[PDB]
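S.K.: Take a look at this one; I'll ask things after.
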Amino acid sequence: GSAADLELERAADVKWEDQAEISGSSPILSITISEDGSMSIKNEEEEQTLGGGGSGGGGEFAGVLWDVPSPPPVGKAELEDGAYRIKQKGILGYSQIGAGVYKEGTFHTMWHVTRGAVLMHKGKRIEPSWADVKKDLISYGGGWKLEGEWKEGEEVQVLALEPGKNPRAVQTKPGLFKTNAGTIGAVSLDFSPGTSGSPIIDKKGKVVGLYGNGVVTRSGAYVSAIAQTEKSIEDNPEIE
Amino acid sequence: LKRX
């Protein structure tokens with residue numbers, strides 16, 4: 001709605017040992033390209049996820065911070081970083097539309113969550129420091145960095161952030177999806193889709209990427225591409 | 001439902 005007021009509502013913390021549920025590996029599915037960075041199945045519909053966290057009791061204020069054991073101790077930079085849900089939260093309206101991963105000192109999320117619009121946390125207006133529409137992702141704090149590349153050969157692990165629910169640690173075996181251009185690499189699986197912005201971890205308990213470049217294919221078989229840390233601190237490298 |  002507001003498309004200028006998106007609150008971070010924490011779903012979980014980034015550490016793959018939730019439920020290790022076996023799945024993955026599905027027939028190479030056809031998918032129709034749209035706006036260069038997006039796809040759908042010919043003419044596909046869309047729905048809000050909806051989320052509850054982020055109370056209206058001083059929901060704007062200025063910045064009360066989401067990382068408080070005691071009342072705000074003048075720290076001004078405390079971050080309960082992890083697997084977040086991106087809800088579009090107007091200061092008088094709450095509607096979840098995607099997800100995002102904040103870890104270390106960088107928040108990497110997705111552009112199609114609304115309009116690549118500004119985030120917020122206790123009314124602190126978290127405005128992007130990077131946004132790439134072509135891959136259709138966003139970075140805050142600099143570029144997308146964390147140092148976490150999924151190694152293609154093994155299973156990809158996804159903290160599938162179930163809508164308004166607990167995460168699901170799923171062992172997904174990789175797959176492909178063919179456009180009019182050609183076949184692309186992803187997790188193509190017939191199963192319930194998570195929120196676009198769920199963390200992609202590798203089976204070693206390391207990696208921290210992002211799931212959401214695709215749609216519900218066939219009639220609900222979620223196909224989305226496997227994104228990983230490609231950028232840097234900002235001007236400085238990944239680490240060295 | 002997309003879900004995206």
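As shown in the structure tokens, the chain order sets the letters A, B, ...; within each chain, residues go from 1, and ligands are also counted from 1 in the order they appear.
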With chain B as the partner and 12 Å as the cut-off, tabulate the residues of chain A that qualify, each row holding the nearest pair of atoms and their distance in Å to one decimal, using only C-alpha atoms, sorted by chain and rising number, as a tab-separated table.

M.R.:
residue	atom	partner	partner_atom	distance
A:38	CA	B:4	CA	9.5
A:39	CA	B:4	CA	9.7
A:40	CA	B:2	CA	8.4
A:41	CA	B:2	CA	9.8
A:43	CA	B:2	CA	11.1
A:44	CA	B:2	CA	7.4
A:45	CA	B:1	CA	6.3
A:46	CA	B:2	CA	4.8
A:47	CA	B:1	CA	5.1
A:48	CA	B:3	CA	7.4
A:49	CA	B:3	CA	6.9
A:50	CA	B:3	CA	10.8
A:96	CA	B:3	CA	10.4
A:97	CA	B:3	CA	7.9
A:98	CA	B:4	CA	7.2
A:99	CA	B:4	CA	9.5
A:110	CA	B:4	CA	9.7
A:111	CA	B:4	CA	10.8
A:112	CA	B:4	CA	8.0
A:113	CA	B:4	CA	8.0
A:114	CA	B:4	CA	10.8
A:136	CA	B:4	CA	11.4
A:160	CA	B:3	CA	11.6
A:161	CA	B:3	CA	10.8
A:162	CA	B:3	CA	10.1
A:163	CA	B:3	CA	8.7
A:192	CA	B:3	CA	9.5
A:193	CA	B:3	CA	6.5
A:194	CA	B:3	CA	6.9
A:195	CA	B:3	CA	5.9
A:196	CA	B:4	CA	4.9
A:197	CA	B:4	CA	8.6
A:198	CA	B:4	CA	10.6
A:210	CA	B:4	CA	12.0
A:211	CA	B:4	CA	9.2
A:212	CA	B:4	CA	6.0
A:213	CA	B:4	CA	7.3
A:214	CA	B:4	CA	6.6
A:215	CA	B:2	CA	5.7
A:216	CA	B:2	CA	5.7
A:217	CA	B:2	CA	9.1
A:218	CA	B:2	CA	12.0
A:219	CA	B:1	CA	10.0
A:220	CA	B:1	CA	8.2
A:221	CA	B:2	CA	10.5
A:222	CA	B:2	CA	8.8
A:223	CA	B:4	CA	9.6
A:224	CA	B:4	CA	8.2
A:225	CA	B:4	CA	11.1

S.K.: Excluding residue 26 in chain A and any residue of its chain fewer than 6 positions from it, enumerate the residues within 7 Å of it, using only C-alpha atoms, and give them as a list in words.

M.R.: residues 175, 188, 189 and 190 of chain A

S.K.: Generate the output file for the selected residues, N, CA and C atoms, as a PDB file, in the first residue's frame.

M.R.:
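What ended up in again.pdb:
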ATOM      1  N   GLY A 175      17.985 -27.725  -9.108  1.00  0.00           N
ATOM      2  CA  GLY A 175      17.217 -27.951 -10.328  1.00  0.00           C
ATOM      3  C   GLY A 175      17.351 -26.775 -11.282  1.00  0.00           C
ATOM      4  N   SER A 188      14.371 -25.861  -8.147  1.00  0.00           N
ATOM      5  CA  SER A 188      13.052 -26.174  -8.715  1.00  0.00           C
ATOM      6  C   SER A 188      12.478 -27.373  -7.949  1.00  0.00           C
ATOM      7  N   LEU A 189      11.410 -27.139  -7.164  1.00  0.00           N
ATOM      8  CA  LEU A 189      10.786 -28.196  -6.327  1.00  0.00           C
ATOM      9  C   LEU A 189       9.261 -28.008  -6.212  1.00  0.00           C
ATOM     10  N   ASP A 190       8.521 -29.135  -6.299  1.00  0.00           N
ATOM     11  CA  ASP A 190       7.080 -29.178  -6.012  1.00  0.00           C
ATOM     12  C   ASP A 190       6.867 -29.286  -4.489  1.00  0.00           C
TER      13      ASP A 190
END

S.K.: For CA of residue 105 in chain A and CA of residue 140 in chain A, determine how far apart the two atoms are, in Å to one decimal place.

M.R.: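 Spanning CA of residue 105 in chain A to CA of residue 140 in chain A is a straight-line distance of 8.7 Å.
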
S.K.: Would you list the contacts of range 52-60 of chain A as a PyMOL selection string, taking every protein, DNA or RNA residue within 6 Å and counting only C-alpha atoms, but skipping same-chain residues closer than 6 positions in sequence?

M.R.: chain A and resi 9+122-123

S.K.: Only N, CA, C and O atoms, please: the residues just picked out, written as a CSV table (one decimal), in the first residue's frame.

M.R.:
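In the end it all went to result34.csv:
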chain,number,residue,atom,x,y,z
A,9,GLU,N,10.3,-7.6,10.5
A,9,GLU,CA,9.7,-8.4,11.5
A,9,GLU,C,10.5,-9.8,11.5
A,9,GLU,O,10.4,-10.6,10.6
A,122,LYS,N,11.3,0.3,14.2
A,122,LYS,CA,10.8,1.2,15.3
A,122,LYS,C,10.7,2.6,14.8
A,122,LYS,O,11.0,3.6,15.5
A,123,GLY,N,10.4,2.8,13.5
A,123,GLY,CA,10.3,4.1,12.8
A,123,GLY,C,11.6,4.6,12.3
A,123,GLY,O,11.6,5.6,11.7

S.K.: Excluding range 181-185 of chain A and any residue of its chain fewer than 5 positions from it, enumerate the residues within 10 Å of it, using only C-alpha atoms, and give them as an mmCIF file with N, CA, C and O atoms, in the first residue's frame.

M.R.:
data_model
loop_
_atom_site.group_PDB
_atom_site.id
_atom_site.type_symbol
_atom_site.label_atom_id
_atom_site.label_comp_id
_atom_site.auth_asym_id
_atom_site.auth_seq_id
_atom_site.Cartn_x
_atom_site.Cartn_y
_atom_site.Cartn_z
ATOM 1 N N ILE A 28 12.608 -30.299 -15.056
ATOM 2 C CA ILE A 28 13.025 -28.953 -15.484
ATOM 3 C C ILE A 28 11.801 -28.202 -16.029
ATOM 4 O O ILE A 28 11.260 -28.554 -17.080
ATOM 5 N N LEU A 29 11.379 -27.183 -15.283
ATOM 6 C CA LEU A 29 10.087 -26.505 -15.480
ATOM 7 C C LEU A 29 10.226 -25.262 -16.382
ATOM 8 O O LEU A 29 11.233 -24.560 -16.321
ATOM 9 N N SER A 30 9.213 -25.031 -17.242
ATOM 10 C CA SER A 30 9.160 -23.860 -18.136
ATOM 11 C C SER A 30 8.549 -22.659 -17.405
ATOM 12 O O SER A 30 7.583 -22.813 -16.644
ATOM 13 N N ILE A 31 9.107 -21.472 -17.657
ATOM 14 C CA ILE A 31 8.758 -20.252 -16.928
ATOM 15 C C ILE A 31 8.910 -19.052 -17.891
ATOM 16 O O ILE A 31 9.856 -19.006 -18.686
ATOM 17 N N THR A 32 7.972 -18.098 -17.852
ATOM 18 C CA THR A 32 7.906 -17.016 -18.854
ATOM 19 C C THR A 32 8.479 -15.697 -18.285
ATOM 20 O O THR A 32 7.962 -15.161 -17.297
ATOM 21 N N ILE A 33 9.581 -15.214 -18.911
ATOM 22 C CA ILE A 33 10.318 -13.996 -18.509
ATOM 23 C C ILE A 33 9.432 -12.722 -18.585
ATOM 24 O O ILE A 33 8.568 -12.601 -19.464
ATOM 25 N N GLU A 152 27.964 -25.513 -5.848
ATOM 26 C CA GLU A 152 27.101 -26.287 -6.773
ATOM 27 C C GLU A 152 27.642 -27.725 -6.968
ATOM 28 O O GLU A 152 28.726 -27.939 -7.515
ATOM 29 N N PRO A 174 19.278 -29.263 -5.951
ATOM 30 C CA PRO A 174 19.107 -28.221 -7.006
ATOM 31 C C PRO A 174 18.290 -28.691 -8.237
ATOM 32 O O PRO A 174 17.954 -29.874 -8.379
ATOM 33 N N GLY A 175 17.985 -27.725 -9.108
ATOM 34 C CA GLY A 175 17.217 -27.951 -10.328
ATOM 35 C C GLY A 175 17.351 -26.775 -11.282
ATOM 36 O O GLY A 175 18.085 -25.821 -10.989
ATOM 37 N N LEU A 176 16.645 -26.822 -12.427
ATOM 38 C CA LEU A 176 16.770 -25.794 -13.492
ATOM 39 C C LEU A 176 15.375 -25.324 -13.939
ATOM 40 O O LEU A 176 14.375 -26.034 -13.742
ATOM 41 N N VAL A 223 9.635 -22.584 -7.950
ATOM 42 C CA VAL A 223 10.930 -22.510 -8.614
ATOM 43 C C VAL A 223 11.482 -21.107 -8.389
ATOM 44 O O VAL A 223 10.864 -20.132 -8.821
ATOM 45 N N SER A 224 12.605 -21.017 -7.668
ATOM 46 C CA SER A 224 13.315 -19.740 -7.431
ATOM 47 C C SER A 224 14.833 -19.963 -7.450
ATOM 48 O O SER A 224 15.312 -20.983 -6.948
ATOM 49 N N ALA A 225 15.582 -18.994 -8.025
ATOM 50 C CA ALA A 225 17.038 -19.113 -8.223
ATOM 51 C C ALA A 225 17.819 -18.919 -6.917
ATOM 52 O O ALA A 225 17.356 -18.242 -5.982
ATOM 53 N N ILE A 226 19.010 -19.537 -6.877
ATOM 54 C CA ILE A 226 19.896 -19.552 -5.707
ATOM 55 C C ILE A 226 20.878 -18.366 -5.783
ATOM 56 O O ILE A 226 21.831 -18.392 -6.573
ATOM 57 N N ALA A 227 20.612 -17.308 -4.989
ATOM 58 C CA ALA A 227 21.478 -16.117 -4.926
ATOM 59 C C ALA A 227 22.453 -16.236 -3.733
ATOM 60 O O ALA A 227 22.145 -16.904 -2.735
#
